[PDB]
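Encoded as structure tokens, the following chain is the form deposited in one PDB entry, with no partner shown.
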């Protein structure tokens, strides 16, 4: 089992264009969620190729290399299915993935078989490169993979899709990928509306793209036109949980609770293991409940009272279900905890938040939001200013640049100031030092951090902060 040969092979592997070389980092996603999403997208539809390649990479990430190979087998079969003259060239990503998986299974001759096929094809076609072949289809596959890896990848996805569109501006698939990417980037904004209309025009039969157009129309207060698209696709998506859950989102945002629930129930029947779906159901119940409490001025009577009680229990049931199906699905923890807190059940909220705070292997984005919500809980329900500060600070440390940034910095100032009502600053000095360092006030930051070091001369955090401010 030679490290020499392993690294020699690896040098070739790094030359390939495929999921293993596209810097798709497991740290940036919830693997189980991404796996669930891809499985749903594959349901009851051919266009399955990119999804199978990607799913194989995801299986590898989960430590299921055999399942990975199963996915590549399916990808290969689909390529065969197209029966096109472009088989060899259409096979490069799948082959690259095969090479990497076999490499990770300590099976080097097999891996080399695939690198061989790849190099051979690149040779035949006189590629400027030995193991890659410039290809719009590949740019498209890459775009899809990046998109699936989430917000840290959207710009990259957009670039990939643009690159493909460079070659074929009116390719139906490339336009779907581009339009979806711009939609995700809109998440509010409406830059995606034109691209979405064009994508629908190029894909008249496609429910997936229509549902997103409908959502963007809803966003810009064109609810009737949107709803027309939803009705156009309803009969066709009955076994497609991925499309169903977005159509259900459309209804939820229109306050059509029962319709939303109807589609989500259909979706769950196709994929009952899905945390995402259970969580969507929870959001629906919760939203209706909030609506009734609002209309009833927080004093629902009679049947309204019965309904709110039922809705609270259903929401709780589904948030719990989501958590049971994926302990990493952080949103279900925060939504559940927040429901408890709103009902005055502080001990229950605390239990759930505590669980969430102890989850190490979740994404920084989720951690950022968990700290934010626990901070708010501390501030408005526990009335613990000190603890709120701690957690707003942790949220900022995890993610300096997010939508919550201003709220966090502001709140930190406020609370630190409340501290000075009766006591010199203690936690609070660190908070102000951090915030002014962040906002660019080096002098102030320095002062605060100096006081902090005074109090805790051993604190490596303050030491590092002061090392940096020293510059």
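Numbering follows the first chain given and starts at 1. In this text, rigid core is short for the largest set of C-alphas that superpose within 1.5 Å between two forms.
Student: Which class describes the count of deposited residues lacking coordinates between residue 45 and residue 46: none, 1 to 3, 4 to 9, or 10 or more?
Tutor: Unmodelled stretch: 1 to 3 residues, a short break.
Student: Residues with no coordinates between residue 187 and residue 188 in the deposited sequence, how many: none, 1 to 3, 4 to 9, or 10 or more?
Tutor: Per the record, 4 to 9 deposited residues are absent between residue 187 and residue 188.
Student: For the higher mean C-alpha B factor in the entry, choose 136 to 144 or 83 to 91.
Tutor: Mean B over CA atoms: larger for 83 to 91.
Student: When the C-alpha temperature factors are averaged for each of 390 to 398 and 333 to 341, which stretch ends up with the higher value in the entry?
Tutor: Result of the comparison: 390 to 398.
Student: Looking at the C-alpha B-factor values in the deposited entry, which of 293, 210, 228, 286 comes out highest?
Tutor: Answer for 293, 210, 228, 286: 293, with the highest C-alpha B-factor.
Student: Tell me which of 69, 58, 431, 29 tops the list for C-alpha B factor in the record.
Tutor: The listed residue with the largest C-alpha B-factor is 431.
Student: Lowest, middle or highest third: where is residue 54 by C-alpha B factor in its chain?
Tutor: For residue 54, the deposited C-alpha B-factor lands in the lowest third.
Student: Taking the C-alpha B-factors as the PDB entry records them, is residue 368 in the lowest, middle or highest third of its chain?
Tutor: Answer is middle: the recorded C-alpha B-factor places it there.
Student: Lowest, middle or highest third: where is residue 359 by Cα B-factor in its chain?
Tutor: Ranked within chain, residue 359 CA B lands in the middle tercile.
Student: Divide the modelled residues of the chain into thirds by Cα B-factor and specify which third, lowest, middle or highest, holds residue 113.
Tutor: According to the entry, residue 113 has a C-alpha B-factor in the chain's highest third.
Student: By its CA B factor, does residue 276 count among the lowest, middle or highest third of the modelled residues in the chain?
Tutor: Residue 276: CA B-factor falls in the lowest third of its chain.
Keep in mind the form deposited in another entry is missing from the figure; the text below concerns it.
Student: On a rigid core superposition, would residue 14 pass a 2 Å threshold for CA movement between the shown form and the other one?
Tutor: Comparing the forms between the shown form and the other one, which are aligned on their rigid core, residue 14 does not shift its C-alpha by 2 Å or more.
Student: Would you say whether residue 25 is displaced between the shown form and the other one, judging by a C-alpha shift of 2 Å or more on the superposed rigid core?
Tutor: The answer is no; the displacement is under 2 Å.
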